[PDB]
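# Fold and contact review
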Amino acid sequence: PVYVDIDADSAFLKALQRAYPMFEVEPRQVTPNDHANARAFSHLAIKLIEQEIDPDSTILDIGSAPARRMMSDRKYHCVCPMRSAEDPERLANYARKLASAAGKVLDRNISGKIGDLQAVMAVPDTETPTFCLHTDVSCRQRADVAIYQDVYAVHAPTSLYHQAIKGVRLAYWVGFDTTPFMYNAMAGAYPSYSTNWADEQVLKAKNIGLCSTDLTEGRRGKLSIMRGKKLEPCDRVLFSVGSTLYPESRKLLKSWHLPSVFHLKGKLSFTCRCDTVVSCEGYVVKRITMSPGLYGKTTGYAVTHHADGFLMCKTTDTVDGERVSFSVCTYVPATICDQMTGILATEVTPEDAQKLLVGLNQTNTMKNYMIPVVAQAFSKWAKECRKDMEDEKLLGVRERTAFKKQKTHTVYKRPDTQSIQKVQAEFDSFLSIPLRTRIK
Amino acid sequence: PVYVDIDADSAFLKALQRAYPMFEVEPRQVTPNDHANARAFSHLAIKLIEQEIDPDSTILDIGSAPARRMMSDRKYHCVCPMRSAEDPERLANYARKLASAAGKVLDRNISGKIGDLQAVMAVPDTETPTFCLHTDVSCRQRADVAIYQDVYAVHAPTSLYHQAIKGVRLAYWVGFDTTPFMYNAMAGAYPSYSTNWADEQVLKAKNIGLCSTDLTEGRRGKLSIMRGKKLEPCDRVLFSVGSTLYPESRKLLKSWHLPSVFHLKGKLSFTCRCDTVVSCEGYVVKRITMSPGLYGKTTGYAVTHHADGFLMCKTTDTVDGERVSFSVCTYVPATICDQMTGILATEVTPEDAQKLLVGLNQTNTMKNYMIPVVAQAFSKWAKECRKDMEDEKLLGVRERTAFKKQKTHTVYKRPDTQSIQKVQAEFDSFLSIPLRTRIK
Amino acid sequence: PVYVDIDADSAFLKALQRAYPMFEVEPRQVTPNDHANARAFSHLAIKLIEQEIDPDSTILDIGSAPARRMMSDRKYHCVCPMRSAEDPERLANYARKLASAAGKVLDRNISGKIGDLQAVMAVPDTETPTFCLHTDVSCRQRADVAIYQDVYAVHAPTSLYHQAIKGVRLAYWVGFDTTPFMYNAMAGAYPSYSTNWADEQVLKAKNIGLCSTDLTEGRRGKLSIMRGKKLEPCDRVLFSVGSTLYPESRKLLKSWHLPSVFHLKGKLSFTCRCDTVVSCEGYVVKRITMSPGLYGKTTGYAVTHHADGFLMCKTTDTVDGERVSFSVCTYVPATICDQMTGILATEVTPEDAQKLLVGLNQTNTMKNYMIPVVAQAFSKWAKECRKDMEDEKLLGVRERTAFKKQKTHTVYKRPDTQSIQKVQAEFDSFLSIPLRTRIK
Ligand SMILES: Nc1ncnc2c1ncn2[C@@H]1O[C@H](CSCC[C@H](N)C(=O)O)[C@@H](O)[C@H]1O
Ligand SMILES: Nc1ncnc2c1ncn2[C@@H]1O[C@H](CSCC[C@H](N)C(=O)O)[C@@H](O)[C@H]1O
Ligand SMILES: Nc1ncnc2c1ncn2[C@@H]1O[C@H](CSCC[C@H](N)C(=O)O)[C@@H](O)[C@H]1O
Ligand SMILES: [Zn+2]
Ligand SMILES: [Zn+2]
Ligand SMILES: [Zn+2]
């Protein structure tokens, strides 16, 4: 019986029961976290990780939070280099949790982490069997399973290779769904988990989940010195999970949309297969299985199965004040898309579409905070499907002179469709002094 | 009592009970697999195979996943050449499951596969009685029954001949229905099992089960250097089942719609009969019975019986941006097609057809993700029948000048019809070092 | 209590109870056969045969499937020449069934067929008392009763004469009803048993139970080199029962519509009477009683009694693309015809007729897959009856100038009418080496 922090009356519990049917979910609250769904899914994924793997295995935990995964009965190796401002707080939490259960729990080898902590505090470059300060590039101890607890700032191919050299059989990756990023979207929804992401340039917008603007009077004279004339996504993107803000890199995050099969040829060439074992409203658990040698041929395509609908809409917003049009992605629950099918056949206006949507939402299924844009996406999809209907062409014959590109303003992946996108598969090229006293 | 992965509340269970009436199906979930129906049907077909065949027989398992079919009480011989990227994972799973039940299950001859695995690891060219690295062309062990567990990249005539030489009495083949591919369609449906296939050229579409497009602005200038001017299917096709992507060859898969009776004349000439013993919403189980000698005369025709309706619709879509009209195939449940019969007699618009279809879907019978296409197919079939009504011709009199070819935009095979197409019947012409250590 | 394969909830069971009232039918499924009704009727007919005939008799079985009729307590003689591609697999099934019950069932004289099988395997030209490799023309052992288990490629007069010379008192024939073939139709229905037939030329149609076409664009230039300008039936016809495709010859199949009484004059002249003892939705059991000598005078006419209505409609279809009009035959249940009698009095359009048909079909009485055609037949029959009404002629006075033939486009035999058709009655003129090892 697994225990979950989410409130008992929350509907997301049911979704969790669908995401983890092999585990019995029991809700109870200890903290009123603004973001409880994400931690609940992470805990369930960790429990499934414990269940699936072989107990007689060494589990690498890259980007680890040592305090969380120390009460586990398995033998973990935490690899937490000091590359973020969050790391010192986690080291403090680990220190308190170690010197709060050292002599009161026996069957957890707590003295092992105690001695390893003393050793690493003494020598910063010592490879302890349960705690390592090195990076994934230069970690040392051989293991067989790797766990990525929501690590988003790392290059997937290089890290996978540098850990496959060490001998991992199979690595799991729990986190957010990468497809909205490989679609080149500006802002995101992840409505159930209350996590919204936005690009740096579109931060000062008005009508997205992640924005903040200021009221102005009738000045058409702000006269910016710098003129770009190209609103394209950039590398830096900011996530807001509950009340905590985290910066990610677009390239590093987008690199996690691994193909179904791929190869890593270097000094030692391995082959790998990646599949989604658990998916729930945006949170995914990928299973990249290591394999020595160079077997088979790779296609170069990545597949995503959308259990619930995906909606990439074209919305105008006042970014920094100026009206600009950009693409925003949204996740729509399966039932809402299911019931909004007959209506999505006519020439429907955004007003009528949004009225029907709120009437459909009754207890809420989807967050009402982001159904001015779902209605817009549905209206534009109806527009496109219609204009496609009475523009029926001829078999096997295009119209090339140079050929006409006609308008696509929204992408509506139905709650049972799958998306293939091309992704590269043939990967070829790959402490502080006061803190030492603070260790005690 | 057979045990099935699919959820208890899923309607597809009933279909399974219709597909396997001799077997009692009991539902329970161990994993939340995105694709559960396909594995369910595969397991049920394997249990049917165990029931039907003679226990005192040697069963060739070509393209085998040895881990799954090793717990069986029969004496299987797995043939798993390293021709796919998944094969290393299959060998790893076999190794773990062998060294996880070696000394705790007795009546399964586990030590046999243990010793045979050591033998093949030692000598890669040794034909062990339960495991081999060879290809179906060059396998050695004599047997009497062959099993094809969803093998899709192989030529049916050559493989059947090369195994019939070895002495198989009868070979079963469980897989997808090959009927849509001899119909020369671009995209596929298989709605119940959530498996959608698409051609190479139509991957970047908008309104099929398997597509992914990007929003673009008003640029009628993409100016492609290469101009084809012929939208015809090619050999490469991509399947997406659940979240896994599998590449298939159009010719190799199309070769599996074998005629009712056919002959294989070579050094030794055999005769064979192929029949569909199990069929459910697309999944089929063919029964090709070997027979030495040359008796009878072949018709050269292959029959598919459609328990549920088949729809070949002509849909426009913006592939890579450019709008073209291509053909998509769809499976419609028998109940929906049955209730939509009298309505399919009028001059019905796609709007009214889609509204009435979504009304008929109430709990869902068919997946609502693909009823803009079914409605269009029904409307066009009504159009064709209506035009066919008042164009009555004379007995035995054609109109040849060179004679008029008037248009069919959809093929609607009713849920009790049979479709025959001409297929060729007179078939005339026919490990790495680190993995070796990884075997332990 | 007869034991039947067809599903318990199916309506056809009721019809079966009407076809065999002397037998108690108990349903259950052992296989999910696509075609279960046909095998059900065949088994019921065989059991009726067992009850009717004298136990102290020798029963010839032409075109035998020895495996099926071996468990019977009576003494059969199977005559199964290698004249079809199905024969080898039937022999293999016979061999397995013989060497699967040789020493565990006693009161069936199994060792008899064992020894006779060894004898024929040794000498291919040996007339064993329970198995024979000769044809019906050149079979040897004298008997008194003959059975035709759905044998379809044989000339009825020649076979009947060559068996009556051997001394058969009476021969039964279980099969499909031959009236639609003597009516010169292109496509057939047999809706209850899900078996559809069609001529070679109309294979590539669109709107029959047996067709397969391909979508095309507006090319009115296919320019066939060969021009026939005549759409008439040919000898070759394709049957599709469930998922099984069988070829028949039109002349041989039409020869089975034997008259009520006929004579065979040769070296020995016999007299025979043919009658239908059991009829159900298309399946018939004829009972041809032999008699030595030349007694009585023959009328030369054959009568078929239609328990359920018969409909020959004139439908236009795109055969290979070209629109041509041909005749299709259909069986309509008695209840539907009875209820649609008042409506069949007015000028009714095909639209209204089909709407009332689907409304009458509610659970389904007749298969909805084929009620575009029944509606057209009913509408055109109503048109013919109407035009027949206000065109009253004078008593016994024709109008001959050469006399006017006016148009019949459908033949509607009511569910209590009988059809008389002229058929000729005065009939005047009439293994491999590896298989031998496979016998073991
Ligand atoms: N290249 C790299 N190799 C190993 N760890 C890295 C890394 N880059 C960043 N990290 C670490 O990964 C952590 C991500 S924060 C995530 C912490 C924890 N997995 C959780 O989900 O709660 C950071 O603390 C950072 O120190
Ligand atoms: N020509 C051939 N002869 C024998 N096996 C082949 C083959 N071509 C491909 N294969 C094997 O067939 C496998 C198909 S993947 C199918 C695995 C398993 N039957 C399942 O359904 O789960 C591949 O792993 C490949 O190694
Ligand atoms: N002229 C002939 N004389 C005797 N048998 C013949 C024949 N022509 C064909 N046959 C046999 O008749 C068989 C018809 S298939 C019918 C099999 C069985 N009676 C059943 O209904 O299931 C063929 O196998 C063929 O071998
Ligand atoms: Zn380390
Ligand atoms: Zn082998
Ligand atoms: Zn004989």
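Regarding how it was determined, this PDB entry cites cryo-EM in its header, along with a resolution of 3.2 Å.

### Describing the overall build of chain A
Summing up its helical and strand segments, chain A has eleven helices and 19 strands in all. Here the C-alpha atoms of chain A give a radius of gyration of 24 Å, agreeing with the 22 Å that 2.2 N^0.38 yields for 440 residues. Taken along the three principal axes of its C-alpha coordinates, chain A extends 75 × 55 × 50 Å.

### Notes on the nonpolar core
Grouped burial of nonpolar side chains is what soluble globular proteins tend to show. If you look at the biggest cluster of nonpolar residues, it comprises 78 residues, and the most contacted ones within it are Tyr20(B) and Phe41(B). With seven residues, the single largest contributor to this core is helix 2 (residues 37–52) of chain B. Core analysis: the next-biggest nonpolar cluster, separate from the first, contains 75 residues, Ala45(C), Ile59(C), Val284(C) and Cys329(C) among them.

### Notes on the coordination of the zinc ion (ligand 6)
All names here are of chain C. Every protein donor of the zinc ion (ligand 6) is accounted for by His77 (NE2), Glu127 (OE), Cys132 (SG) and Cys139 (SG), and the metal-donor separations fall at 2.3 to 2.5 Å. Considering all four donor atoms around the zinc ion (ligand 6), the spread of angles at the metal, 82 to 129 degrees, places the coordination shape in the irregular class. Residue classification places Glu127 among the partly exposed positions, given a relative accessible area of 24%. Assessed through its relative accessible area of 9%, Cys139 is described here as buried.

### Structural notes on the relation of the copies chain C and chain B
Two copies of the chain are present, and they differ by a rotation about an axis and a shift along that axis. Of the transformation placing chain C onto chain B, the axial shift is 0.0 Å and the rotation is 30 degrees, giving an RMSD of 0.2 Å. The two copies present different faces, since only 1% of the interface residues in chain C are matched by interface residues at the equivalent positions in chain B.

### Examining the sheet that holds strand 4 (residues 75–79) of chain B
By way of backbone hydrogen bonds, the strands of a sheet pair with one another, either parallel or antiparallel. Residues and elements named next belong to chain B. Taken in spatial order, the nine strands make up an open sheet running 5-4-3-6-7-13-12-11-19, and their pairing is mixed. If you trace the sheet from one side to the other, it starts and ends with strand 5 (131–132) and strand 19 (426–427), each paired once. In this sheet, strand 4 lies alongside strand 3 (residues 58–62) in parallel orientation, the contact comprising five bridges. Paired with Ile62 across the strands is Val79, a residue of strand 4.

### Thoughts on the packing of aromatic side chains
Scanning all chains against the criterion turns up 70 aromatic pairs over all chains. Consider the rings of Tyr152(A) and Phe239(A), whose centres lie 6.3 Å apart with planes at 45 degrees: the pair is tilted. One end of the pair, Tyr152(A), is in the loop between strand 6 (145–149) and helix 5 (156–166); the other, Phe239(A), is in strand 9 (residues 236–241), with 87 residues separating them in the sequence. The interplanar angle of 70 degrees and the centroid separation of 5.1 Å between the aromatic rings of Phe378(B) and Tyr412(B) together place this pair among those described as edge-to-face. Of the two residues examined, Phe378(B) and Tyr412(B), each falls in the buried class. The positively charged end of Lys222(B) is found above the aromatic ring belonging to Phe403(A), 3.6 Å away from the centroid. Positioned over the ring face of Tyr3(C) is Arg28(C), at 3.9 Å from the centre of the ring.

### Some thoughts on the side chain of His35(C)
All names here are of chain C. By the secondary structure assignment, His35 is in the loop between strand 2 (25–27) and helix 2 (37–52). Judged by its relative accessible area of 16%, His35 is buried. Excluding anything up to four places from it in sequence, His35 contacts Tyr193, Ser194, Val241, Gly242 and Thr244.

### Concerning the side chain of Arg323(C)
Mapped onto the elements of the fold, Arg323(C) is located in strand 16 (residues 322–332). Separated by 3.5 Å, the side chains of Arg323(C) and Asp391(B) make a polar contact. A polar contact is formed between the side chain of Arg323(C) and the side chain of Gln406(B), at a distance of 2.2 Å. When near neighbours in sequence (up to four residues on either side) are disregarded, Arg323(C) contacts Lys387(B), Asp388(B), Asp391(B), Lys393(B), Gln406(B), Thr316(C), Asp317(C) and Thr318(C).

### Observations regarding the coordination of the zinc ion (ligand 5)
Residues and elements named next belong to chain B. Binding of the zinc ion (ligand 5) to the protein goes through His77 (NE2), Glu127 (OE), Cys132 (SG) and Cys139 (SG), at separations of 2.3 to 2.5 Å. Coordination at the zinc ion (ligand 5) comes from four donor atoms whose angles at the metal span 65 to 160 degrees, giving a geometry best classed as irregular. Taken in chain order, the donor set of the zinc ion (ligand 5) reads H-x49-E-x4-C-x6-C. With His77 in strand 4 and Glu127 in the loop between helix 4 (110–122) and strand 5, this residue pair connects regions lying 50 residues apart in the sequence.

### Quick word on the interface of chain C and chain B
Facing the 77 residues of chain C at the interface are 72 residues of chain B. Residues that form the side of chain C that touches chain B fall into these classes: 25 nonpolar, 27 polar and 25 charged.

### Observations regarding the site of ligand 3
Residue and element names in this part refer to chain C. The local shell around ligand 3 holds 14 residues, among which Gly63, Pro81, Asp87, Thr135 and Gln149 are the closest. Within the side chain of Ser84, a nitrogen or oxygen atom sits 3.3 Å from an oxygen atom of ligand 3. Grouping the amino acids of the shell around ligand 3 by side-chain chemistry returns three nonpolar, four polar and seven charged.

### Quick look at unusual backbone geometry
Residues other than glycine seldom take positive phi values, yet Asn184(B) does so here, at roughly 60 degrees. By relative accessible area, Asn184(B) is classed as partly exposed at 31%. Not every positive phi belongs to a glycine, and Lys229(C) is a case in point at roughly 60 degrees. Following the sequence through the fold, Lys229(C) ends up in the loop between strand 8 (195–199) and strand 9 (236–241).

### Some details on the packing of helix 9 (residues 350–360) of chain A against helix 10 (residues 373–389) of chain A
Residue and element names in this part refer to chain A. Two numbers describe how helix 9 lies on helix 10: the axes approach to 8 Å, and their chain directions differ by 125 degrees. The angle between helix 9 and helix 10 places the two elements in the oblique class. In this structure, helix 9 meets helix 10 at a crossing whose hand is right-handed. Here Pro350, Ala353, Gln354 and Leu357 of helix 9 lie close against helix 10, whose contacting residues are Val374, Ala375, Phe378 and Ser379.

### Observations concerning a nonpolar patch on the surface
Together, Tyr301(C), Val303(C) and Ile420(C) give the surface a local cluster of nonpolar side chains, amounting to about 300 Å² of exposed area. Looking at the element boundaries, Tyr301(C) is found in strand 14 (residues 301–305).

### Considerations on the state of the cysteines
Counted according to the given criterion, the structure contains zero disulfides over all chains. Left unpaired, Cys337(A) is separated from the closest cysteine sulfur, that of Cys313(A), by 13 Å.

### Things to note about the site of ligand 1
Residues and elements named next belong to chain A. By nearness alone, 14 residues border ligand 1, and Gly63, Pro81, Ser84, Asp87 and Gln149 come closest of all. A distance of 2.7 Å separates an oxygen atom of ligand 1 from a polar backbone atom of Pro81. In the model, a nitrogen atom of ligand 1 is placed 2.5 Å from a nitrogen or oxygen of the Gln149 main chain. When the free accessible area of ligand 1 is taken as 580 Å², the share hidden by the protein chains comes to 83%. A class-by-class count of the residues in the shell around ligand 1 yields four nonpolar, four polar and six charged.

### A look at the sheet that holds strand 17 (residues 411–413) of chain A
Residues and elements named next belong to chain A. One open sheet holds the three strands; their spatial order is 16-15-17, and the pairing between them is antiparallel. The open sheet is flanked by strand 16 (322–332) and strand 17, the only strands paired with a single partner. Each neighbouring strand pair of the sheet contributes to a mean axis angle of 25 degrees, computed without reference to strand direction. Pairing of strand 15 (residues 309–319) with strand 16 involves eleven bridges; the strand directions are antiparallel. Note that in strand 16 the partner of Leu311 across the bridge is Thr330. Where helix 10 meets the sheet, it contacts strand 15, strand 16 and strand 17, and its direction lies at approximately 110 degrees from that of strand 15.

### Overview of the pattern of salt bridges
All chains considered together, the criterion is met by 33 salt bridges over all chains. Between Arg69(A) and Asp61(A) there is a salt bridge, with its nearest N and O atoms 2.5 Å apart. Of the two residues examined, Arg69(A) and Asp61(A), each falls in the buried class. In this structure, the salt-bridge partner of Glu200(C) is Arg236(C), at a minimum N-O distance of 3.2 Å. With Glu200(C) in the loop between strand 8 and strand 9 and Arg236(C) in strand 9, this pair connects stretches of sequence that are 36 residues apart. By relative accessible area, which is 21% here, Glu200(C) ends up partly exposed. Connected through shared salt-bridge partners, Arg273(A), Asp275(A) and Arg287(A) make up one network.

About the criteria used
Here every chain is numbered from 1 following its written sequence, which may not line up with the entry's numbers; residues without coordinates are dropped from view. Chains carry letters and ligands carry numbers; both start at the beginning, A for chains and 1 for ligands, and go up in the order they are written. Here we see some chains out of a larger assembly; the values all refer to those chains and nothing more. Neither water nor hydrogens contribute to the side-chain values; these are computed over all heavy atoms in the structure. Residues with missing side-chain atoms are left out of burial classes, side-chain pairs and their counts. In this text, helices come from DSSP runs of H or I with a minimum length of four residues, and strands from runs of E with a minimum of two, each type numbered from the N-terminal end. Restricting the calculation to C-alpha atoms gives the radius of gyration, and the globule rule supplies 2.2 Å times the number of residues raised to the power 0.38. Here, the term nonpolar core denotes a set of buried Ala, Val, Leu, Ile, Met, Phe, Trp, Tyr and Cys residues that are joined through side-chain atoms within 4.5 Å. For every residue, the accessible area obtained with a 1.4 Å probe (protein chains only) is divided by the maximum for its type, and the residue is called buried under 20%, exposed over 50%, and partly exposed between those limits. Metal coordination here is assigned from N, O and S atoms located within 2.8 Å of the ion, or within 3.2 Å for Na, K and Ca; omission of water means that sites may look incomplete. Each label reflects the angles at the metal, where four donors whose angles all fall between 85 and 135 degrees are tetrahedral, four or six donors whose opposite pairs open beyond 155 degrees and whose other angles stay between 65 and 115 are square planar or octahedral respectively, and the rest are irregular. We superpose the copies by least squares, fitting on C-alpha atoms. When checking whether two residues touch, look at their non-hydrogen atoms; a contact exists if any pair is within 4.5 Å. For two strands to be treated as a pair, DSSP must find at least two bridges joining them. Classification of ring pairs uses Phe, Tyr and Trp, with its six-membered ring standing for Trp, and accepts pairs whose centres are within 6.5 Å; under 30 degrees between planes counts as stacked, over 60 as edge-to-face, and the remaining range as tilted. Geometrically, a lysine NZ or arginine CZ counts as sitting over a ring once it is within 6 Å of the ring centre and also within 35 degrees of the ring normal. In protein, a polar contact means a hydrogen-donor-capable atom and an acceptor-capable atom, both N or O and within 3.5 Å, with residues adjacent in sequence counting only if both atoms are side-chain atoms; elsewhere, any N or O pair within 3.5 Å suffices. Throughout, the ten residues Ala, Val, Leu, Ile, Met, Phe, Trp, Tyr, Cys and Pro are labelled nonpolar, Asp, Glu, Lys and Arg are labelled charged, and all others, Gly among them, are labelled polar. Residues are classed as near a molecule or strand on a simple rule: at least one heavy atom within 4 Å of it. Orientation is described by axes fitted as lines to C-alpha atoms, over the contacting stretch for helices, and by angles from 0 to 180 degrees between their N-to-C directions. Angles below 35 degrees are treated as roughly parallel, those above 145 as roughly antiparallel, those between 65 and 115 as roughly perpendicular, and all remaining angles as oblique. The handedness criterion is simple: a crossing whose near helix is rotated anticlockwise from the far helix by less than a right angle is left-handed, and one whose near helix is rotated clockwise is right-handed. Only residues above 30% relative accessible area that lack a salt bridge enter a patch, with like-charged residues linked at up to 9 Å and the nonpolar side chains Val, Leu, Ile, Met, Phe, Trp and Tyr linked at up to 5 Å. Each accessible area value is a Shrake-Rupley result obtained with a 1.4 Å probe; residue values ignore everything except the protein chains displayed when judging cover. The salt bridge criterion pairs a side-chain nitrogen of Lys or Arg with a carboxyl oxygen of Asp or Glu, the two atoms within 4 Å. We call a pair of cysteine sulfur atoms a disulfide when they lie within 2.5 Å.

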